[PDB]
Protein chains: 6
Amino acid sequence: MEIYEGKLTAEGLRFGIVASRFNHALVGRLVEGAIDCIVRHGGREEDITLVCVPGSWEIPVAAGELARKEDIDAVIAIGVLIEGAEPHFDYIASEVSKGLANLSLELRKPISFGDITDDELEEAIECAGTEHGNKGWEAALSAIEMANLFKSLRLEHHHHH
Amino acid sequence: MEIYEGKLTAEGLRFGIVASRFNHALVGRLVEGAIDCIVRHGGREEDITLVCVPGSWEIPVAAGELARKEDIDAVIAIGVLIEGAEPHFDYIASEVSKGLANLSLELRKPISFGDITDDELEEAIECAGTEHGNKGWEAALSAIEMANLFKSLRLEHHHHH
Amino acid sequence: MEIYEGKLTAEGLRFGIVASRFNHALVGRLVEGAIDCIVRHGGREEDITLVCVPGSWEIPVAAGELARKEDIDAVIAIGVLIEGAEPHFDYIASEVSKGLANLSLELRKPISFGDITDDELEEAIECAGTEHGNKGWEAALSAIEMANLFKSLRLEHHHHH
Amino acid sequence: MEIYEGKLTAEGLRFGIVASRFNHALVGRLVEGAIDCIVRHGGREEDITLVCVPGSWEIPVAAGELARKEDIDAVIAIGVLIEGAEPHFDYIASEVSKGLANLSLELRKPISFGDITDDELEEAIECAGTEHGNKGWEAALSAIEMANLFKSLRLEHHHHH
Amino acid sequence: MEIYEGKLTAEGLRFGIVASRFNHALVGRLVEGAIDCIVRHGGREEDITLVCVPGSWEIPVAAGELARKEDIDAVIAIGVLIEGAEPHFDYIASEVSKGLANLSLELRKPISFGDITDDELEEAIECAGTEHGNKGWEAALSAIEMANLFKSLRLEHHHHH
Amino acid sequence: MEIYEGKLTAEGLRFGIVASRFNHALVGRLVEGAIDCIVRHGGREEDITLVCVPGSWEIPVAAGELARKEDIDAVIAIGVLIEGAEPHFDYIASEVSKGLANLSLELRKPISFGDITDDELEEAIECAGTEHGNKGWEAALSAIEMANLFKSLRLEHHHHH
């Protein structure tokens, strides 16, 4: 049987990061954690492409362009939703969840979810200190595994050629 | 500033693995943990050199050989010490720690400590089937980071020459 | 009479700093203090050599490398050990105490002990702000004196020649 | 991947047996146990080398010579530490354990602890009969295992060269 | 029989003195007593080498240089450890014992142990008056005797030569 | 089976003796104890060598000198430690204990531990008495048995050639 998955090497890969700037105290935390696991897993940072946006709403629209550049292999979602504004949390979080979903299925490119849905800002003051449970860290890793996967999937597509 | 830190790509490295066979219900579990983090951090699995021995006692006399090979860049300590005979847990666990340490200083070669000090066997059974808590995975990681750090130390020496 | 001592100038000198990343909450604070004393007490930071590692275990093996390079005059050992796991604070801390010791005596090179043994994060914060008690600050001072002292030993050796 | 472990046939091998002559009441039972499994796991007994000495103290210095012969492959250790004299029991048992440990690392030649640490004459007699626990028996077994493991080690290096 | 012991004449001998300046109120008391007995037993005070360091920790690394001079026949260990920091008194004091021990055994050059272990400062001040428990007085005298002894040992070798 | 042990005939052997002169109230007794067992076991005394030092501390460095001469076959530790100060009895007894041990493994020369570690002055009165348990008598004999043994080891090596 033929198995496919990705090792976690960030070698030869160019990454995408989008991030809100609502609640930037904790977003500072997540951006770091992602960028680390990139670079410390071999990634060079000159090809990480990073976009800020105002609020959670605009995360889709931006990622949509980011994934459409040829040279961005995977794109890392980053946004923060604490239960501040409830209609905007149920509708916008499910609409971004879905929105990202369609972007990937359509564009044929992995998009990770580094979106901290903290019911309680008390969970946010826990990781803003020093804890490594850094959702940016780990969603960044999943993006690498996908990245090397579709690098591995489509490489066996075009080298067998 | 000159900063040296370990990046986690196991690319091009040849690992040393030393294993006890006392309590192998869980040692088989740990060695898996090490090999996985190894290859799934980009290292190849043909250049892993694995050795087993009766009990934790000969762990040192083992690695003393493996580390003297020029083509093994790091040695991973593996064993399980469950509190079986207190003469053997206080004195042998202390001799493992002290013994492996002196090898490392002496050969100038990173040796990792994957020894599980569990108080009983039921904790050993729990960790081999309920969580990724896998001390082998992690001693496998620290030797990777040391492998690139020392290959960063001595190679920043050798090419700058 | 002939008396040898060392002033507190960091001029003409190249230092080593070894850093663990366990409990990094406090490590940021102490390496900061350490680099404060060097550059403020006459040193330029261009020859401060900073090597980082996982946990307290790997401290020795690193400094032993920093001491085998010709142009590192003193190495500032820095890490935090907190009473987590009694197996690891007793045996690992004395193995650091001893391991560093026999390093310097063998290599004939001063290595100082900036290892804060604390029981609470609050004991770390107290020492981080302004209480002039950053123990890395002091370890940086002691090593400066030893560096200029050994520069005073070795230079009064080669100049009288 | 390459695996090394250890088979139990003692053929082609030449052993070292070092033994105290204090408490020889139970020592007679172990010496027989040792040469029992050697001859009985295929070894001939003409190449067994038996050195007797005063008390558990002289154990190391003797083994030091036995391992320094080319045609002695493994040095099985035989001594009894019954709680007679407590300063001699803690200080000399840990110093035998340590002194042996360093001997094996230094000479890169396997050494086995066939030393029965008993608090009573009752525990000494029980296992010295036929209850599967004649510590000389397992000492000689693990020693054969490291003999074929090391001959598997260095002979897999020297023959693959 | 061939017996060797040393007289106490300080004539023709060049000494080492290492001094911690932790607790200097009594340390000055000591070195006075030291150089006193040296000079009174006929030896000139210009061949004294006196080295100053911070706290008890560096005591080793200083002497290690002092001995590697061809022209220092013996070295006088001088420092005071008062129970200030008990982790620092167990590890530093014992490490002073061992570290100095092994330097002397290694260089085959004697190092005395002018170490005052006081719990209370009053027991210090009481012992430097005229009864000459001025521990430096005695550690100085031991160094003289050992000095003449190794000059008695090796010189009964090189002149009989 | 190849067996090595030793007769007790001191014919042809040249011995080493180191003696502390602290508490000479017992040291004279033991010193003579060894000389007796030597010559009354056939050995001449023009080949015995006695060195005297201040205290228990210096016995290591001396034996290291005595064992390095070509014409000394075995060395006799001699000292009495009375519990005068717990820093000096615990540290100096274990430090000389191990210290002598490592000398022997290192110089490949047998050292007997001719120490009387008495917790009280009464135990000091028991062991230098009439019952022919004169620790010097005994450790002298252990040295002769080990002297003829390593003469049996190295002779069964050198003459078989």
# chains A, B, ... in the order shown; residues from 1 in each chain; ligands from 1
>>> calpha_fit_and_write(fixed="chain E", moving="chain F", output="compact mmCIF listing (two decimals) with C-alpha atoms, in the first residue's frame")
# COMPACT_ATOMS: atom_id res chain seq x y z
CA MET F 1 64.55 1.62 56.98
CA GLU F 2 64.04 4.48 54.48
CA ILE F 3 62.15 7.24 56.31
CA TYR F 4 60.98 10.59 54.96
CA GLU F 5 59.63 13.42 57.03
CA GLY F 6 60.09 17.13 57.10
CA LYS F 7 61.83 19.63 59.19
CA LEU F 8 59.92 22.94 59.37
CA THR F 9 62.58 25.28 57.93
CA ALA F 10 61.03 27.36 55.20
CA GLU F 11 64.40 28.11 53.65
CA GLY F 12 64.35 27.81 49.84
CA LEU F 13 60.58 27.41 49.36
CA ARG F 14 58.18 29.59 47.32
CA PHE F 15 54.55 29.37 48.38
CA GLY F 16 51.04 29.73 47.00
CA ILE F 17 48.22 31.54 48.78
CA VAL F 18 44.61 31.82 47.65
CA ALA F 19 42.21 33.89 49.76
CA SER F 20 38.46 34.48 49.64
CA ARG F 21 37.44 38.04 50.54
CA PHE F 22 33.99 36.97 51.76
CA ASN F 23 33.74 37.73 55.52
CA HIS F 24 37.21 39.38 55.43
CA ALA F 25 36.58 40.00 59.15
CA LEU F 26 38.45 36.72 59.68
CA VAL F 27 40.38 36.34 56.40
CA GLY F 28 42.81 39.17 57.06
CA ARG F 29 43.62 37.45 60.37
CA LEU F 30 44.39 34.07 58.85
CA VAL F 31 46.21 35.50 55.79
CA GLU F 32 48.65 37.17 58.15
CA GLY F 33 48.61 33.94 60.16
CA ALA F 34 50.16 32.07 57.24
CA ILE F 35 52.62 34.81 56.21
CA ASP F 36 53.87 34.91 59.79
CA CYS F 37 54.49 31.22 60.14
CA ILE F 38 56.21 31.34 56.77
CA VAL F 39 58.76 34.05 57.39
CA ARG F 40 59.07 33.35 61.12
CA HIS F 41 59.94 29.81 60.03
CA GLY F 42 62.78 31.25 57.91
CA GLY F 43 61.05 31.62 54.57
CA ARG F 44 61.32 34.81 52.61
CA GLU F 45 58.14 36.49 51.40
CA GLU F 46 59.24 37.80 47.95
CA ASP F 47 58.56 34.19 46.87
CA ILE F 48 55.12 33.94 48.47
CA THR F 49 52.32 34.61 46.01
CA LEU F 50 48.89 35.88 47.09
CA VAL F 51 45.79 35.82 44.88
CA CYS F 52 42.42 37.22 46.05
CA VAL F 53 38.99 36.27 44.74
CA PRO F 54 35.36 37.08 45.55
CA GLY F 55 34.15 34.03 47.45
CA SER F 56 34.73 30.43 48.50
CA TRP F 57 33.43 29.27 45.10
CA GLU F 58 36.47 30.45 43.13
CA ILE F 59 39.29 29.10 45.34
CA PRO F 60 39.51 25.86 43.25
CA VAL F 61 40.15 27.45 39.85
CA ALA F 62 42.77 29.75 41.36
CA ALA F 63 44.84 27.11 43.12
CA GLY F 64 44.79 25.17 39.87
CA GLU F 65 46.55 28.13 38.30
CA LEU F 66 48.96 28.59 41.19
CA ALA F 67 49.99 24.93 41.39
CA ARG F 68 50.75 24.78 37.64
CA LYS F 69 53.52 27.38 37.78
CA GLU F 70 56.94 25.82 38.01
CA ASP F 71 58.14 27.96 40.93
CA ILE F 72 55.38 27.24 43.48
CA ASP F 73 56.12 24.31 45.79
CA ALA F 74 53.00 24.36 47.97
CA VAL F 75 49.65 26.11 48.04
CA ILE F 76 47.58 27.29 50.98
CA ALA F 77 43.80 27.14 50.89
CA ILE F 78 42.26 30.14 52.65
CA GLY F 79 38.62 30.89 53.27
CA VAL F 80 35.92 31.18 55.88
CA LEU F 81 32.45 29.71 55.31
CA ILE F 82 29.67 30.86 57.63
CA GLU F 83 26.45 28.84 57.32
CA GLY F 84 24.99 31.56 55.10
CA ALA F 85 22.60 29.49 52.95
CA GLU F 86 22.65 25.66 53.23
CA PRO F 87 22.82 25.16 49.42
CA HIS F 88 26.01 27.27 49.44
CA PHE F 89 27.61 25.88 52.67
CA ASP F 90 27.01 22.15 52.06
CA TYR F 91 27.66 22.21 48.29
CA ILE F 92 30.42 24.83 48.08
CA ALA F 93 32.34 23.42 51.12
CA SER F 94 32.32 19.79 49.96
CA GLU F 95 32.86 20.85 46.31
CA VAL F 96 35.95 22.90 47.14
CA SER F 97 37.00 20.23 49.65
CA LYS F 98 37.12 17.45 47.08
CA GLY F 99 38.02 19.95 44.36
CA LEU F 100 41.27 20.99 45.99
CA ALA F 101 41.98 17.34 46.80
CA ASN F 102 41.76 16.27 43.18
CA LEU F 103 43.95 19.19 42.12
CA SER F 104 46.75 17.92 44.35
CA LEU F 105 46.65 14.28 43.27
CA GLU F 106 46.59 15.65 39.72
CA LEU F 107 49.32 18.32 39.80
CA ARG F 108 51.30 16.28 42.35
CA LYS F 109 51.55 19.33 44.60
CA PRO F 110 50.58 19.65 48.29
CA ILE F 111 47.50 21.65 49.20
CA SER F 112 46.51 22.47 52.74
CA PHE F 113 42.89 23.03 53.59
CA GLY F 114 43.09 26.39 55.26
CA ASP F 115 39.36 26.74 55.76
CA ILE F 116 37.48 27.68 58.91
CA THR F 117 34.06 26.07 58.55
CA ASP F 118 32.17 27.64 61.44
CA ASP F 119 28.55 26.72 62.02
CA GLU F 120 28.19 30.00 63.98
CA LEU F 121 29.82 33.43 64.24
CA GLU F 122 31.05 32.49 67.75
CA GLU F 123 33.21 29.63 66.45
CA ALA F 124 34.51 32.27 64.00
CA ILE F 125 35.61 34.38 67.01
CA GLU F 126 37.36 31.44 68.74
CA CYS F 127 39.74 30.30 65.95
CA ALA F 128 41.25 33.69 64.85
CA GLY F 129 42.34 34.52 68.40
CA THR F 130 45.33 34.41 70.74
CA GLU F 131 45.78 30.71 71.74
CA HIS F 132 47.99 30.29 68.59
CA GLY F 133 45.34 28.17 66.95
CA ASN F 134 45.17 30.60 64.05
CA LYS F 135 44.09 28.18 61.33
CA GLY F 136 46.34 30.08 58.93
CA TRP F 137 49.25 29.61 61.30
CA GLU F 138 48.60 25.87 61.26
CA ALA F 139 47.78 25.11 57.64
CA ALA F 140 50.80 27.24 56.70
CA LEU F 141 52.96 24.93 58.82
CA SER F 142 51.39 21.77 57.35
CA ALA F 143 52.36 23.20 53.97
CA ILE F 144 55.97 23.78 55.00
CA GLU F 145 56.27 20.27 56.42
CA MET F 146 54.74 18.92 53.22
CA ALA F 147 56.94 21.31 51.20
CA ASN F 148 60.16 20.02 52.73
CA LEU F 149 58.70 16.48 52.50
CA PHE F 150 58.09 16.47 48.75
CA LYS F 151 61.39 18.27 48.50
CA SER F 152 62.61 15.32 50.60
CA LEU F 153 60.89 12.81 48.31
CA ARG F 154 61.90 14.34 44.99
CA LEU F 155 65.35 15.35 46.36
CA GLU F 156 66.09 11.84 47.59
CA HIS F 157 65.15 10.89 43.98
CA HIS F 158 66.89 13.57 41.86
CA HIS F 159 70.23 13.87 43.73
CA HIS F 160 70.73 10.09 44.25
CA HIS F 161 70.89 10.11 40.42
>>> select_by_dssp(residues="region 90-120 of chain F", states="helix (DSSP H, G or I)", output="JSON, numbers by chain")
{"F": [90, 91, 92, 93, 94, 95, 96, 97, 98, 99, 100, 101, 102, 103, 104, 105, 106, 107]}
>>> write_last_selection(atoms="N, CA, C and O atoms", output="mmCIF file, in the first residue's frame")
data_model
loop_
_atom_site.group_PDB
_atom_site.id
_atom_site.type_symbol
_atom_site.label_atom_id
_atom_site.label_comp_id
_atom_site.auth_asym_id
_atom_site.auth_seq_id
_atom_site.Cartn_x
_atom_site.Cartn_y
_atom_site.Cartn_z
ATOM 1 N N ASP F 90 33.317 13.119 58.182
ATOM 2 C CA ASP F 90 32.547 12.642 57.030
ATOM 3 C C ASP F 90 33.280 12.922 55.714
ATOM 4 O O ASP F 90 33.462 12.013 54.896
ATOM 5 N N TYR F 91 33.721 14.173 55.495
ATOM 6 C CA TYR F 91 34.335 14.518 54.212
ATOM 7 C C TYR F 91 35.728 13.907 54.076
ATOM 8 O O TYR F 91 36.012 13.234 53.085
ATOM 9 N N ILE F 92 36.587 14.052 55.088
ATOM 10 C CA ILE F 92 37.961 13.568 54.911
ATOM 11 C C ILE F 92 38.002 12.028 54.859
ATOM 12 O O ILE F 92 38.818 11.455 54.125
ATOM 13 N N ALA F 93 37.117 11.326 55.591
ATOM 14 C CA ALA F 93 37.127 9.857 55.560
ATOM 15 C C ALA F 93 36.645 9.318 54.218
ATOM 16 O O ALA F 93 37.289 8.443 53.628
ATOM 17 N N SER F 94 35.499 9.800 53.727
ATOM 18 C CA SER F 94 35.029 9.350 52.421
ATOM 19 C C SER F 94 35.935 9.837 51.292
ATOM 20 O O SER F 94 36.116 9.119 50.303
ATOM 21 N N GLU F 95 36.525 11.039 51.424
ATOM 22 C CA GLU F 95 37.389 11.578 50.363
ATOM 23 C C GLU F 95 38.690 10.785 50.247
ATOM 24 O O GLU F 95 39.166 10.517 49.135
ATOM 25 N N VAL F 96 39.297 10.422 51.377
ATOM 26 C CA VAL F 96 40.472 9.562 51.327
ATOM 27 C C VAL F 96 40.066 8.155 50.921
ATOM 28 O O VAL F 96 40.773 7.492 50.154
ATOM 29 N N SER F 97 38.906 7.693 51.398
ATOM 30 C CA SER F 97 38.404 6.366 51.062
ATOM 31 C C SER F 97 38.392 6.207 49.553
ATOM 32 O O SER F 97 39.174 5.433 48.995
ATOM 33 N N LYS F 98 37.516 6.958 48.890
ATOM 34 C CA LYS F 98 37.473 6.918 47.436
ATOM 35 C C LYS F 98 38.811 7.327 46.824
ATOM 36 O O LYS F 98 39.224 6.775 45.799
ATOM 37 N N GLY F 99 39.512 8.280 47.452
ATOM 38 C CA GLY F 99 40.730 8.804 46.849
ATOM 39 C C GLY F 99 41.794 7.739 46.696
ATOM 40 O O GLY F 99 42.399 7.589 45.632
ATOM 41 N N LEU F 100 42.032 6.983 47.765
ATOM 42 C CA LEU F 100 42.924 5.838 47.672
ATOM 43 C C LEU F 100 42.435 4.850 46.626
ATOM 44 O O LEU F 100 43.227 4.337 45.826
ATOM 45 N N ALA F 101 41.133 4.567 46.623
ATOM 46 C CA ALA F 101 40.582 3.594 45.689
ATOM 47 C C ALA F 101 40.941 3.957 44.260
ATOM 48 O O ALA F 101 41.437 3.122 43.497
ATOM 49 N N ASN F 102 40.721 5.215 43.888
ATOM 50 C CA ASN F 102 40.978 5.617 42.515
ATOM 51 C C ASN F 102 42.464 5.613 42.194
ATOM 52 O O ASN F 102 42.840 5.378 41.044
ATOM 53 N N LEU F 103 43.317 5.863 43.186
ATOM 54 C CA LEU F 103 44.749 5.696 42.977
ATOM 55 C C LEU F 103 45.073 4.292 42.494
ATOM 56 O O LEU F 103 45.852 4.106 41.554
ATOM 57 N N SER F 104 44.482 3.290 43.138
ATOM 58 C CA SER F 104 44.867 1.907 42.881
ATOM 59 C C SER F 104 44.418 1.455 41.498
ATOM 60 O O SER F 104 45.193 0.857 40.745
ATOM 61 N N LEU F 105 43.155 1.715 41.157
ATOM 62 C CA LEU F 105 42.672 1.403 39.818
ATOM 63 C C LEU F 105 43.513 2.087 38.764
ATOM 64 O O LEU F 105 43.617 1.601 37.632
ATOM 65 N N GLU F 106 44.105 3.223 39.121
ATOM 66 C CA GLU F 106 44.831 4.094 38.214
ATOM 67 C C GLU F 106 46.294 3.682 38.072
ATOM 68 O O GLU F 106 46.797 3.554 36.953
ATOM 69 N N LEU F 107 46.988 3.469 39.188
ATOM 70 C CA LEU F 107 48.371 3.016 39.153
ATOM 71 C C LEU F 107 48.489 1.505 39.074
ATOM 72 O O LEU F 107 49.608 0.990 38.960
#
>>> select_by_dssp(residues="region 2-161 of chain B", states="strand (DSSP E)", output="PyMOL selection string")
chain B and resi 2-4+15-20+49-53+74-82+111-118
>>> write_last_selection(atoms="N, CA and C atoms", output="PDB file, in the first residue's frame")
ATOM      1  N   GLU B   2      26.243  36.734  18.959  1.00  0.00           N
ATOM      2  CA  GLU B   2      26.342  35.448  18.278  1.00  0.00           C
ATOM      3  C   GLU B   2      25.379  34.528  18.998  1.00  0.00           C
ATOM      4  N   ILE B   3      24.276  34.157  18.364  1.00  0.00           N
ATOM      5  CA  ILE B   3      23.313  33.289  19.020  1.00  0.00           C
ATOM      6  C   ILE B   3      23.377  31.921  18.377  1.00  0.00           C
ATOM      7  N   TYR B   4      23.473  30.901  19.221  1.00  0.00           N
ATOM      8  CA  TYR B   4      23.433  29.511  18.799  1.00  0.00           C
ATOM      9  C   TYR B   4      22.237  28.850  19.458  1.00  0.00           C
ATOM     10  N   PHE B  15      21.389   8.766  14.210  1.00  0.00           N
ATOM     11  CA  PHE B  15      21.112   8.774  15.636  1.00  0.00           C
ATOM     12  C   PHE B  15      21.578   7.498  16.315  1.00  0.00           C
ATOM     13  N   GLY B  16      21.856   7.621  17.611  1.00  0.00           N
ATOM     14  CA  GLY B  16      22.130   6.484  18.471  1.00  0.00           C
ATOM     15  C   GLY B  16      21.004   6.278  19.473  1.00  0.00           C
ATOM     16  N   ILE B  17      20.542   5.034  19.569  1.00  0.00           N
ATOM     17  CA  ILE B  17      19.471   4.662  20.483  1.00  0.00           C
ATOM     18  C   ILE B  17      19.937   3.488  21.331  1.00  0.00           C
ATOM     19  N   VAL B  18      19.903   3.662  22.649  1.00  0.00           N
ATOM     20  CA  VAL B  18      20.260   2.620  23.604  1.00  0.00           C
ATOM     21  C   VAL B  18      19.028   2.315  24.441  1.00  0.00           C
ATOM     22  N   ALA B  19      18.704   1.031  24.590  1.00  0.00           N
ATOM     23  CA  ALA B  19      17.436   0.620  25.177  1.00  0.00           C
ATOM     24  C   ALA B  19      17.636  -0.501  26.191  1.00  0.00           C
ATOM     25  N   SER B  20      16.971  -0.391  27.344  1.00  0.00           N
ATOM     26  CA  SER B  20      16.838  -1.518  28.261  1.00  0.00           C
ATOM     27  C   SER B  20      15.642  -2.377  27.859  1.00  0.00           C
ATOM     28  N   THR B  49      20.905   3.820  14.831  1.00  0.00           N
ATOM     29  CA  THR B  49      21.572   2.636  15.365  1.00  0.00           C
ATOM     30  C   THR B  49      20.987   2.344  16.743  1.00  0.00           C
ATOM     31  N   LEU B  50      20.237   1.251  16.842  1.00  0.00           N
ATOM     32  CA  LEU B  50      19.509   0.876  18.046  1.00  0.00           C
ATOM     33  C   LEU B  50      20.164  -0.339  18.689  1.00  0.00           C
ATOM     34  N   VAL B  51      20.371  -0.285  20.008  1.00  0.00           N
ATOM     35  CA  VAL B  51      20.891  -1.419  20.771  1.00  0.00           C
ATOM     36  C   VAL B  51      20.049  -1.621  22.032  1.00  0.00           C
ATOM     37  N   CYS B  52      19.711  -2.881  22.319  1.00  0.00           N
ATOM     38  CA  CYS B  52      19.046  -3.295  23.550  1.00  0.00           C
ATOM     39  C   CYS B  52      20.039  -3.985  24.489  1.00  0.00           C
ATOM     40  N   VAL B  53      19.702  -3.994  25.778  1.00  0.00           N
ATOM     41  CA  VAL B  53      20.494  -4.664  26.815  1.00  0.00           C
ATOM     42  C   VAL B  53      19.559  -5.189  27.901  1.00  0.00           C
ATOM     43  N   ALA B  74      24.405  11.627  17.751  1.00  0.00           N
ATOM     44  CA  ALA B  74      23.861  11.772  19.085  1.00  0.00           C
ATOM     45  C   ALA B  74      23.367  10.421  19.544  1.00  0.00           C
ATOM     46  N   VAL B  75      23.321  10.263  20.856  1.00  0.00           N
ATOM     47  CA  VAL B  75      22.935   9.010  21.483  1.00  0.00           C
ATOM     48  C   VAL B  75      21.751   9.284  22.396  1.00  0.00           C
ATOM     49  N   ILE B  76      20.712   8.464  22.278  1.00  0.00           N
ATOM     50  CA  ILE B  76      19.477   8.638  23.029  1.00  0.00           C
ATOM     51  C   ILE B  76      19.410   7.559  24.096  1.00  0.00           C
ATOM     52  N   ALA B  77      19.301   7.976  25.359  1.00  0.00           N
ATOM     53  CA  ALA B  77      19.179   7.017  26.450  1.00  0.00           C
ATOM     54  C   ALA B  77      17.735   6.592  26.586  1.00  0.00           C
ATOM     55  N   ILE B  78      17.521   5.286  26.722  1.00  0.00           N
ATOM     56  CA  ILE B  78      16.185   4.731  26.884  1.00  0.00           C
ATOM     57  C   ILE B  78      16.221   3.671  27.967  1.00  0.00           C
ATOM     58  N   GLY B  79      15.316   3.790  28.920  1.00  0.00           N
ATOM     59  CA  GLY B  79      15.109   2.754  29.901  1.00  0.00           C
ATOM     60  C   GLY B  79      13.903   3.116  30.728  1.00  0.00           C
ATOM     61  N   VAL B  80      13.381   2.125  31.431  1.00  0.00           N
ATOM     62  CA  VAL B  80      12.334   2.378  32.405  1.00  0.00           C
ATOM     63  C   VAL B  80      12.827   1.889  33.751  1.00  0.00           C
ATOM     64  N   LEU B  81      12.775   2.771  34.732  1.00  0.00           N
ATOM     65  CA  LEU B  81      13.091   2.442  36.111  1.00  0.00           C
ATOM     66  C   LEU B  81      11.802   2.567  36.912  1.00  0.00           C
ATOM     67  N   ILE B  82      11.231   1.424  37.283  1.00  0.00           N
ATOM     68  CA  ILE B  82      10.108   1.342  38.207  1.00  0.00           C
ATOM     69  C   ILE B  82      10.689   0.847  39.525  1.00  0.00           C
ATOM     70  N   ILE B 111      24.115  13.370  24.720  1.00  0.00           N
ATOM     71  CA  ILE B 111      23.438  12.158  25.144  1.00  0.00           C
ATOM     72  C   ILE B 111      22.195  12.564  25.902  1.00  0.00           C
ATOM     73  N   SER B 112      21.074  11.993  25.503  1.00  0.00           N
ATOM     74  CA  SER B 112      19.774  12.391  26.000  1.00  0.00           C
ATOM     75  C   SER B 112      19.287  11.392  27.020  1.00  0.00           C
ATOM     76  N   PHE B 113      18.351  11.836  27.833  1.00  0.00           N
ATOM     77  CA  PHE B 113      17.913  11.066  28.977  1.00  0.00           C
ATOM     78  C   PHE B 113      16.458  10.701  28.768  1.00  0.00           C
ATOM     79  N   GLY B 114      16.243   9.561  28.144  1.00  0.00           N
ATOM     80  CA  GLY B 114      14.903   9.040  28.082  1.00  0.00           C
ATOM     81  C   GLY B 114      14.730   7.905  29.064  1.00  0.00           C
ATOM     82  N   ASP B 115      14.731   8.226  30.353  1.00  0.00           N
ATOM     83  CA  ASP B 115      14.455   7.248  31.402  1.00  0.00           C
ATOM     84  C   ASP B 115      13.186   7.688  32.117  1.00  0.00           C
ATOM     85  N   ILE B 116      12.202   6.794  32.179  1.00  0.00           N
ATOM     86  CA  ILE B 116      10.923   7.084  32.818  1.00  0.00           C
ATOM     87  C   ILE B 116      11.016   6.641  34.273  1.00  0.00           C
ATOM     88  N   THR B 117      11.019   7.608  35.191  1.00  0.00           N
ATOM     89  CA  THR B 117      10.982   7.285  36.616  1.00  0.00           C
ATOM     90  C   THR B 117       9.528   7.345  37.057  1.00  0.00           C
ATOM     91  N   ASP B 118       8.818   6.231  36.848  1.00  0.00           N
ATOM     92  CA  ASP B 118       7.464   6.052  37.349  1.00  0.00           C
ATOM     93  C   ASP B 118       7.547   5.279  38.652  1.00  0.00           C
TER      94      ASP B 118
END
>>> decode(residues="region 109-141 of chain D", atoms="C-alpha atoms", output="PDB file, in the first residue's frame")
ATOM      1  CA  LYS D 109      34.884  -4.145  28.615  1.00  0.00           C
ATOM      2  CA  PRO D 110      31.656  -5.460  30.193  1.00  0.00           C
ATOM      3  CA  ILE D 111      31.597  -6.053  33.937  1.00  0.00           C
ATOM      4  CA  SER D 112      28.722  -7.688  35.864  1.00  0.00           C
ATOM      5  CA  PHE D 113      27.552  -7.264  39.425  1.00  0.00           C
ATOM      6  CA  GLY D 114      27.144 -10.698  40.980  1.00  0.00           C
ATOM      7  CA  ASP D 115      27.153  -9.063  44.443  1.00  0.00           C
ATOM      8  CA  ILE D 116      24.386 -10.180  46.841  1.00  0.00           C
ATOM      9  CA  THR D 117      23.362  -7.344  49.163  1.00  0.00           C
ATOM     10  CA  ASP D 118      21.620  -9.146  52.032  1.00  0.00           C
ATOM     11  CA  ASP D 119      20.465  -7.723  55.345  1.00  0.00           C
ATOM     12  CA  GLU D 120      20.254 -11.232  56.858  1.00  0.00           C
ATOM     13  CA  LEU D 121      21.625 -14.762  56.693  1.00  0.00           C
ATOM     14  CA  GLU D 122      18.019 -15.920  56.030  1.00  0.00           C
ATOM     15  CA  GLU D 123      17.770 -14.014  52.726  1.00  0.00           C
ATOM     16  CA  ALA D 124      21.259 -15.284  51.829  1.00  0.00           C
ATOM     17  CA  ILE D 125      20.371 -18.980  52.256  1.00  0.00           C
ATOM     18  CA  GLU D 126      16.931 -18.939  50.479  1.00  0.00           C
ATOM     19  CA  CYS D 127      18.192 -17.854  47.031  1.00  0.00           C
ATOM     20  CA  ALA D 128      21.509 -19.727  47.255  1.00  0.00           C
ATOM     21  CA  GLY D 129      19.721 -23.101  46.882  1.00  0.00           C
ATOM     22  CA  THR D 130      17.641 -23.700  43.751  1.00  0.00           C
ATOM     23  CA  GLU D 131      15.008 -20.920  43.883  1.00  0.00           C
ATOM     24  CA  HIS D 132      15.556 -19.106  40.585  1.00  0.00           C
ATOM     25  CA  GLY D 133      17.685 -16.357  42.120  1.00  0.00           C
ATOM     26  CA  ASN D 134      21.289 -17.560  42.407  1.00  0.00           C
ATOM     27  CA  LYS D 135      22.678 -14.092  41.680  1.00  0.00           C
ATOM     28  CA  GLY D 136      25.844 -15.603  40.223  1.00  0.00           C
ATOM     29  CA  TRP D 137      23.625 -17.381  37.685  1.00  0.00           C
ATOM     30  CA  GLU D 138      22.058 -14.214  36.238  1.00  0.00           C
ATOM     31  CA  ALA D 139      25.307 -12.290  36.563  1.00  0.00           C
ATOM     32  CA  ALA D 140      26.982 -14.875  34.338  1.00  0.00           C
ATOM     33  CA  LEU D 141      23.965 -14.811  32.007  1.00  0.00           C
TER      34      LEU D 141
END
